[PDB]
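*Asks:* Residue numbers (my numbering), protein chains in the order written: chain G, 3 to 382; chain F, 33 to 424; chain W, 58 to 188; chain U, 3 to 382; chain C, 33 to 424.
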Amino acid sequence: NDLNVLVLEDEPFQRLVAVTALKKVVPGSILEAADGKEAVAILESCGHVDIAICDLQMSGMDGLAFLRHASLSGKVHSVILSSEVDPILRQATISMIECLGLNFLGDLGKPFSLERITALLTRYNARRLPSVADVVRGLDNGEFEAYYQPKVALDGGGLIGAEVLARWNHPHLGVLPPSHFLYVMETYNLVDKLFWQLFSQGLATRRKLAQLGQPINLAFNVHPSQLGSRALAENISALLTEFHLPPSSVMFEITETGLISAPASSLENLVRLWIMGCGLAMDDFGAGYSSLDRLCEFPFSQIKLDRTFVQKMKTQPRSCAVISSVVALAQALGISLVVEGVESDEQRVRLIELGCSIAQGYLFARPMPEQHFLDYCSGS
Amino acid sequence: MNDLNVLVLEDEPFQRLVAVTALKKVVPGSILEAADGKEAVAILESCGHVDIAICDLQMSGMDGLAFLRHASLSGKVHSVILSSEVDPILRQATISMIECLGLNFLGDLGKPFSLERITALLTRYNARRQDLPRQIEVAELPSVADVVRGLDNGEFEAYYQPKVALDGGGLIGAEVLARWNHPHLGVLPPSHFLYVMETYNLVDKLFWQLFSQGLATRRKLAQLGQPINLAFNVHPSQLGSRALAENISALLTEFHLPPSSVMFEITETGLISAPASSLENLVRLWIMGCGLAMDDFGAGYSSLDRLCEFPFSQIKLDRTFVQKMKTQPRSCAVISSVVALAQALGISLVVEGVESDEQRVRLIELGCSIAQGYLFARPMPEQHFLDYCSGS
Amino acid sequence: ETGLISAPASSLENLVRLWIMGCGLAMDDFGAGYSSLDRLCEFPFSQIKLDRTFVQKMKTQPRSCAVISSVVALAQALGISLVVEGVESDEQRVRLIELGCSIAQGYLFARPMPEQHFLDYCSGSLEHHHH
Amino acid sequence: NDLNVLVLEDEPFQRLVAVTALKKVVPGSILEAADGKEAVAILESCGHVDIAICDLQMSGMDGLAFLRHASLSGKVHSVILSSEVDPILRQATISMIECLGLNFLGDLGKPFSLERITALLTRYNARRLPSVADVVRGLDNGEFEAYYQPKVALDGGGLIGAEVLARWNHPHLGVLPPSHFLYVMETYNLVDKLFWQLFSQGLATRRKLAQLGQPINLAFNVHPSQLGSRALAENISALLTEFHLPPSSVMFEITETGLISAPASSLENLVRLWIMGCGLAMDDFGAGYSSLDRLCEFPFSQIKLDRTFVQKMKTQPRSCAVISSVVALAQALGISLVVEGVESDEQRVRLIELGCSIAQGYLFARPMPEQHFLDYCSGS
Amino acid sequence: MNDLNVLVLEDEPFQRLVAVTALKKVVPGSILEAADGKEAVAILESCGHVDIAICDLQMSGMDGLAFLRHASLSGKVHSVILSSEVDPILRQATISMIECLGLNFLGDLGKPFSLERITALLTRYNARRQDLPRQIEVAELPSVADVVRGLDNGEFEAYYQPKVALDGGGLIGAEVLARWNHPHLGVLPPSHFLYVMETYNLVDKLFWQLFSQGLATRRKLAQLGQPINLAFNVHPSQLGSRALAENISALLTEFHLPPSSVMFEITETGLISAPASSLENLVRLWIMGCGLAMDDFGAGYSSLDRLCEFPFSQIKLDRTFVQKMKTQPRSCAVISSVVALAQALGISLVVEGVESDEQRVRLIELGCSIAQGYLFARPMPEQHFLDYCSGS
Ligand SMILES: [Mg+2]
Ligand SMILES: [Mg+2]
Ligand SMILES: [Mg+2]
Ligand SMILES: [Mg+2]
């Protein structure tokens with residue numbers, strides 16, 4: 003009311019029947035393409051397209067490449083498939099449409115039953131938690147921004163470094179945390195993609211900080227799956243070069259858990275980064291069995307313990323004992339320890355009493371976007 | 033409420049009169065009247081919209097349903113009311129069949145046609161009018177005149193669809209099918225001209241154009257050592273002329289072809305609906321030695337008894353049978369009975385509309401042997417067809 | 058079959074109640090329309106029956122045999138019973154067995170009888186079977 | 003919220019599983035019966051039952067008779083069948099539930115899928131145009147009343163007789179005309195039933211009119227299908243006797259159309275009524291071909307022409323010609339003519355000018371319930 | 033949000049520890065832990081509700097799925113999370129299978145078990161909590177103790193289900209099935225006790241009670257000239273004892289019965305999961321001359337290779353195969369392959385769960401020959417069964 007449908011249908015009689023069925027039910031314009039090249043030109047100059055329709059059973063490798071064109075244009079919202087999808091590959095097909103960053107509206111067979119074209123229109127406008135399609139589009143569209151949380155010294159004011167955190171400017175929900183997209187990115191293998199957007203932003207921020215005479219070390223989280231990648235280390239350097247920042251300006255964090263399930267060849271990237279001089283933190287330390295055995299076998303330059311140690315100090319003396327033990331450990335290996343989630347002064351002094359040097363939490367600073375951080379940094 | 037629009041299809045002038053008189057009293061708007069297909073398609077062409085078509089599903093002078101099919105392609109018709117309240121068991125199937133055409137089923141009128149009942153159906157219509165799909169005047173349904181000129185300007189081409197063995201796809205024969213090389217609409221199947229040709233007695237004209245294009249092709253196959261017989265659809269009206277069989281034989285002789293090189297196909301409904309005088313041509317084609325196929329089979333058995341000797345060498349099962357296999361599995365029982373029938377008569381069985389391999393395997397499982405459909409080969413123009421006939 | 062064709066619009070209510078109750082339902086004089094195979098498909102009769110002319114035209118008409126065959130297959134594929142009427146002689150009884158028929162009525166077994174004749178027919182038949 | 007479900011399930015393990023599945027989703031009470039006798043006793047003392055459930059595939063003739071008990075009690079609204087109904091007899095089964103005056107909510111198979119029990123509950127409460135179930139219940143519950151429209155003389159005030167008209171006191175829609183129920187009654191064969199409720203009411207009204215010294219003849223519409231019935235005439239007399247009213251106090255109307263399609267044996271009832279002395283009108287005269295041939299062959303004592311002749315007089319002189327011809331016809335056979343739908347004085351005088359004696363319309367009186375009519379009658 | 037409730041089923045103490053440690057950080061509420069079926073059913077019995085069960089679908093020490101089935105009958109469990117992110121092709125089928133139990137599928141946990149991922153699943157749970165069916169403590173799931181006393185008070189009876197030819201219904205044999213004469217709950221099928229008995233090593237006790245009731249019945253059939261063999265389910269655990277075959281033979285001798293009068297049935301999963309030492313009893317039963325059937329078949333072929341000679345005289349197809357025929361027609365291909373398999377091995381095939389005649393006809397069409405199910409006969413107590421065995 004009024005919609006804008008684009009049908010891709012090669013076979014001319016089929017085209018004829020389809021479009022004619024669409025006139026009856028579809029309030030609004032309708033466009034027509036006899037192949038990929040003609041459809042990609044209807045795109046090359048048109049506004050929004052509410053629904054794209056094409057036939058994946060009949061063709062085939064054209065239909066797929068089209069949908070990508072549909073995807074790349076940024077101009078299409080939803081998809082109806084003009085053949086019935088096989089029950090056994092239903093979810094496969096939907097998921098495939100959604101990794102294009104298109105919404106799957108539905109499917110139906112030629113010649114179209116008119117009641118079925120209504121069902122899907124009603125359903126469509128009825129769409130007026132984020133979906134897979136949403137995440138992919140958000141990512142293909144530079145909506146993801148880097149946030150910054152400082153690692154400060156507990157005693158004094160301090161400013162030692164920062165953890166780069168992923169946030170998403172949602173056009174309707176606003177700023178969101180990883181739990182609302184990492185699932186999707188994790189499941190569909192977009193983590194790498196997000197990583198490189200953020201790593202670039204992060205280095206740009208690192209430059210502005212070097213321009214300002216600030217030794218703020220920027221720490222990035224690396225997903226274990228990336229650790230298996232052939233050229234991660236070689237790509238991190240190429241960018242560190244392109245940006246004229248030195249290795250040591252920068253640090254990569256990997257959880258203890260994720261390090262457990264990491265791919266056979268993870269070490270090839272890890273020796274790289276270590277030699278290079280990049281700092282390497284083992285994050286959420288104390289999560290597996292052999293935590294102490296791990297530090298032994300890999301020269302991590304930092305250890306981080308998480309929100310729960312701090313919270314548990316007061317009510318649970320065993321936490322204090324392990325905080326102290328860890329302090330000793332970092333102390334004896336000559337590396338840094340960051341204690342996360344400090345929210346109160348009580349907590350802060352206790353940590354000092356125990357021996358901890360670095361912290362993060364809402365006491366000092368919540369995660370911040372580039373500018374608020376830069377301002378924060380101009381001040382210590 | 034407004035200018036409701038009602039088309040009544042009624043063959044029998046006294047029923048028509050009763051119905052129309054009752055409708056005039058109670059219907060706000062125009063009552064249109066058709067006695068036969070010709071009036072009906074004429075009325076349809078001139079109207080912008082027809083809100084309710086009132087239809088009798090068995091007429092002598094008109095095929096009600098075929099008009100509905102044509103009407104559904106027109107864009108112009110909302111709803112259907114049936115004036116025969118018939119056959120309780122088959123009522124749902126009749127509804128769905130109407131509903132798959134694009135059409136909305138309003139109800140049946142009784143053969144009383146009581147005024148009270150009529151207003152019910154109107155209130156009923158009137159409560160649905162908005163929810164119904166827009167009426168548009170679809171330009172893709174060629175007019176009678178427009179069909180009549182195409183047929184006068186040589187733009188109808190024969191296409192050929194192979195009939196093949198279900199295990200393999202080995203070639204056995206082919207059906208010749210009508211396509212319209214429409215000057216500006218592209219290439220049209222029979223949905224877009226056949227019904228008009230039937231209703232204006234232009235089928236005989238189409239058959240002679242296609243039959244000789246086809247003999248040309250059959251000649252080329254012979255020359256290629258390719259013993260593929262070609263089968264042509266004969267519409268029941270064409271059986272009207274006492275000389276059909278003789279004209280067909282003169283033409284076969286003219287093309288240096290024996291009767292056995294060719295087959296003719298008539299629907300079951302067609303064979304049923306033909307006068308004995310007309311049935312005598314099939315007997316003749318049968319004696320000449322042509323193949324004969326009874327087409328769109330599947331409804332029952334009483335067509336077997338029309339003639340002293342069964343002249344048919346082949347039976348073809350209606351396309352809808354393959355589609356219904358999953359949709360309505362009891363139809364597999366009919367496929368079995370028909371397989372059993374053909375075998376017992378020592379004739380062949382073709383099953384049409386075979387599109388997926390899952391259908392192919394089930395058909396083989398039921399005992400089917402010969403098939404046509406998209407799974408094996410689309411209808412082809414001659415040269416594609418000829419090239420197709422090189423691969424064994 | 059023809060009766061069902063002309064039946065009143067409410068007929069299905071009674072038929073469905075009978076079916077749901079579990080009484081048998083036979084479609085008699087099967088094949089007298091017009092839509093015979095379609096109709097069987099739309100309602101689950103537990104038995105269909107052939108008119109006696111089918112068996113009579115068996116010598117003259119290979120076609121009659123064919124439709125018997127076809128119907129035998131139809132019933133076996135729907136898992137329902139078929140009764141063939143008009144069995145008047147033994148040679149048509151054996152021909153019917155080659156064709157795959159199983160149940161029959163006809164003069165060869167017994168014309169219609171009043172109760173007591175029928176009971177005595179039944180006793181006798183049971184006695185014959187047990188030897 | 004909160005519903006009251008009654009499950010009829012013989013097989014005890016099945017009962018166990020069913021009820022347990024119903025606890026999870028059904029907010030409210032649940033009752034249990036191991037057969038018909040125990041269910042008919044849960045009914046014999048309970049309030050409303052929102053949904054009755056029983057299994058029609060497994061049993062059988064018990065399940066049916068139950069539902070009738072459910073029906074007769076007046077206490078149940080809706081039905082879920084506890085087996086899946088066969089696609090081919092879907093409408094048959096639904097229609098069967100609805101002729102019991104129960105609503106078909108839906109069906110499902112044992113053991114119940116929990117999402118399916120939700121779908122149907124949502125659907126059920128979502129029901130909070132009249133249906134078949136509605137008509138049957140309305141009829142089983144004395145909601146249908148007789149209305150009265152007088153046949154007056156055109157010149158003078160006049161009061162000659164009345165046409166008994168069927169109306170339905172709907173508990174939510176209010177007073178409704180035949181078009182909103184005759185379809186249903188016609189389709190499902192309830193016309194007879196409605197007839198006898200109204201005929202009784204009508205005779206009761208006829209007595210009160212005889213008590214008051216009024217020769218108001220009451221005319222009832224007879225459906226053609228009834229005309230085929232073995233004992234219609236014999237039953238009309240038995241009631242005329244039971245009520246001590248004479249045949250001639252009363253008249254039966256049958257349309258010309260319906261008389262055309264009437265059953266072979268319709269005449270057996272028609273000679274009865276004629277001998278008896280009851281008046282017999284041919285209603286909506288002039289609808290077939292052989293109208294004049296009909297009057298010839300059956301001695302109808304009245305002819306009625308409908309709303310459309312009157313309306314057409316002014317703009318269509320041929321109507322006037324046939325009105326006059328009919329006047330002549332009634333005149334020559336010695337019978338009465340009623341002209342229907344007189345709304346205006348102009349219309350009235352014209353009719354007189356033409357020769358018509360009796361009329362009906364909104365000029366004189368719209369159809370009325372027993373009392374307004376009786377009052378109307380006390381006054382002429 | 034509240035006291036979430038999470039039960040983790042994990043066999044392997046180091047994975048359990050990793051998972052639990054991660055859950056403690058992030059889950060608001062209690063984390064429950066089970067190493068085996070015993071802990072798991074104990075935890076379940078004491079809990080009022082279990083909001084999320086985290087389950088590993090292949091454990092050595094516990095059948096995860098069987099616990100889920102039992103859990104679904106308990107009323108107490110909302111949702112499932114899987115800790116093996118396995119098998120992409122079979123993922124949908126795995127979901128649906130969970131969903132048909134009553135259960136809600138939340139997602140899979142990775143073998144990382146990342147804290148971020150965990151909170152996603154919790155938010156996800158928390159957004160569904162209301163829409164989910166109420167948790168109630170169903171009293172119909174007999175407790176372990178309660179099962180343990182029934183089994184000590186002789187209230188388990190043998191029932192018999194005929195195996196019959198698909199054309200006709202001619203009698204061929206019968207399976208002996210366990211029923212519980214529950215003092216106050218009525219008559220219960222294995223869903224209500226078997227899983228508990230399996231998990232507390234009480235199956236061996238049930239088998240000896242039923243096996244001798246059954247030999248009694250087999251004796252009565254012999255005496256009646258009724259050569260109906262009776263088949264008994266042997267659970268894999270029972271194969272533990274080196275003397276099973278010898279105990280079974282002593283008992284057969286005691287009842288004046290030859291080994292051939294009897295059959296034993298083990299599931300495919302059972303046969304797969306058994307140590308070779310244990311597989312030696314089947315070899316023994318096979319040599320003694322008992323029938324052997326491999327039960328719930330259909331998954332693949334690698335069970336054929338466990339032993340030097342295939343000791344099985346019969347194969348039975350899993351009940352679900354008949355149900356899937358319409359639902360998923362590709363399963364008809366497996367039925368065909370299994371028919372072909374049995375024939376090639378010269379052994380018999382039973383197909384179970386045959387309820388409608390439309391299934392019966394299709395099974396005959398695929399080549400099946402022997403069947404069990406409601407269409408032919410329900411499980412009967414002895415006398416009904418004996419009376420049933422008079423009619424040929
Ligand atoms: Mg981190
Ligand atoms: Mg054909
Ligand atoms: Mg009247
Ligand atoms: Mg078994």
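Cβ coordinates follow ideal geometry from the N, Cα and C atoms, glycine included.
Does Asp337 (chain C) get closer than 8 Å to chain W when you measure Cβ to Cβ?
*Replies:* Closer than 8 Å: no.
*Asks:* Out of W:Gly60, W:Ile137 and W:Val129, point me to the one whose CA is closest to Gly81 (chain W)'s CA.
*Replies:* The residue with the shortest Cα to Cα distance from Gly81 (chain W) is W:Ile137.
*Asks:* Contact check, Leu10 (chain U) vs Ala35 (chain U) under 8 Å by CB: the rounded distance?
*Replies:* The Cβ separation is near 5 Å, so the contact holds.
*Asks:* Pull up the CB-CB distance for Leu141 (chain U) and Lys195 (chain U), whole angstroms please, since I reckon it's below 8 Å.
*Replies:* Between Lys195 (chain U) and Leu141 (chain U) the Cβ distance is about 6 Å, and since that is below 8 Å, they are a contact.
*Asks:* Could you give the C-beta distance for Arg101 (chain F) and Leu133 (chain F), rounded to a whole number, given that I count them as a contact under 8 Å?
*Replies:* Right, their Cβ atoms sit about 6 Å apart.
*Asks:* What are the boundary residues of the beta strand (DSSP E) that includes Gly139 (chain C)?
*Replies:* Counting along the chain, the beta strand (DSSP E) containing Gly139 (chain C) begins and ends at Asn136 to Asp140.
*Asks:* Use the C-beta contact count for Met229 (chain F): other C-beta atoms within 10 angstroms, 16 or more gives buried, fewer gives exposed.
*Replies:* With 16 or more other Cβ atoms within 10 Å, it is buried.
*Asks:* Which same chain residues, not among the five before or five after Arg152 (chain W), have their C-beta less than 7 Å away from its C-beta?
*Replies:* Counting only Cβ-Cβ distances below 7 Å, and skipping sequence neighbours, we find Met115.
*Asks:* Would you check whether ligand 2 has a heavy atom nearer than 7 Å to the C-beta of residue 205 (chain W)?
*Replies:* Nothing can be reported for residue 205 (chain W): it is not among the residues displayed for chain W, which extend from 58 to 188.
*Asks:* Distance check for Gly176 (chain U) and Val27 (chain G), CA to CA, integer angstroms please.
*Replies:* Each residue's Cα considered, the two are about 36 Å apart.
*Asks:* Hey, is the region 34-53 of chain F in contact with the region 169-178 of chain F, meaning 3+ C-beta pairs nearer than 8 Å?
*Replies:* These segments do not touch.
*Asks:* Could you please give the first and the last residue of the uninterrupted beta strand (DSSP E) stretch that includes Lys306 (chain U)?
*Replies:* First-last of the beta strand (DSSP E) with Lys306 (chain U): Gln304 to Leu307.
*Asks:* Against chain W, which members of the region 391-404 of chain C pass a CB distance test of less than 7 Å?
*Replies:* Listed by position, the residues of the region 391-404 of chain C near chain W (Cβ gap below 7 Å) are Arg392 and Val393.
*Asks:* Going by beta carbon distance, what residues of the same chain come within less than 6 Å of residue 2 (chain G), once the five residues before and after it are set aside?
*Replies:* Since the first and last residues shown for chain G are 3 and 382, residue 2 (chain G) lies out of range.
*Asks:* How would you call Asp136 (chain G), buried or exposed, if buried means at least 16 neighbouring beta carbons within 10 angstroms?
*Replies:* The residue in question, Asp136 (chain G), is buried, as its Cβ has 16 or more Cβ neighbours within 10 Å.
*Asks:* Starting from the Cα of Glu100 (chain U), find the closest Cα among U:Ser80, U:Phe114 and U:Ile90 and give me that residue.
*Replies:* Checked all of U:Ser80, U:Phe114 and U:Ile90; the closest Cα to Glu100 (chain U) is U:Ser80.
*Asks:* Taking 6 Å as the limit between beta carbons, can you name the residues of its chain near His267 (chain F), skipping five residues before and five after?
*Replies:* Only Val235 meet the Cβ criterion.
*Asks:* Please check the pair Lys112 (chain U) and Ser85 (chain U), which I expect to be a contact at CB under 8 Å, by giving their CB distance rounded to whole angstroms.
*Replies:* Indeed, because the Cβ distance is near 7 Å, the residues count as touching under 8 Å.
*Asks:* Ignore the nearest five residues each way along the sequence and tell me which others in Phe183 (chain U)'s own chain have a CB closer than 7 Å to its CB.
*Replies:* If we look at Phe183 (chain U) and ignore the five residues flanking it on each side, its Cβ neighbours are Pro132, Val137 and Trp170.
*Asks:* Return yes when the C-beta of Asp236 (chain C) is under 7 Å from any heavy atom of ligand 1, and no when it is not.
*Replies:* No.
*Asks:* Buried or exposed: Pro217 (chain G), going by 16 or more other Cβ atoms within 10 Å of its Cβ?
*Replies:* By the neighbour-count rule (16 or more Cβ atoms within 10 Å), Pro217 (chain G) is not buried but exposed.
*Asks:* Given this structure, state the Cα-to-Cα distance separating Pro120 (chain C) from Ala72 (chain C), to the nearest angstrom.
*Replies:* Distance between the alpha carbons of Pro120 (chain C) and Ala72 (chain C): 28 Å.
*Asks:* I want to see whether chain C comes within less than 8 Å of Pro361 (chain F), judged by CB atoms only; does it?
*Replies:* With 8 Å as the cut-off, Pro361 (chain F) counts as an interface residue toward chain C.
*Asks:* Closer than 8 Å, CB to CB, is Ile277 (chain U) near chain W or not?
*Replies:* It does not: the Cβ of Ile277 (chain U) has no partner Cβ on chain W nearer than 8 Å.
*Asks:* With a threshold of 8 Å between beta carbons, is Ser103 (chain W) in contact with chain U?
*Replies:* No, no contact with chain U.
*Asks:* Any idea which residues DSSP pairs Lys195 (chain C) with across the strands?
*Replies:* C:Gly205, per the DSSP bridge assignment.
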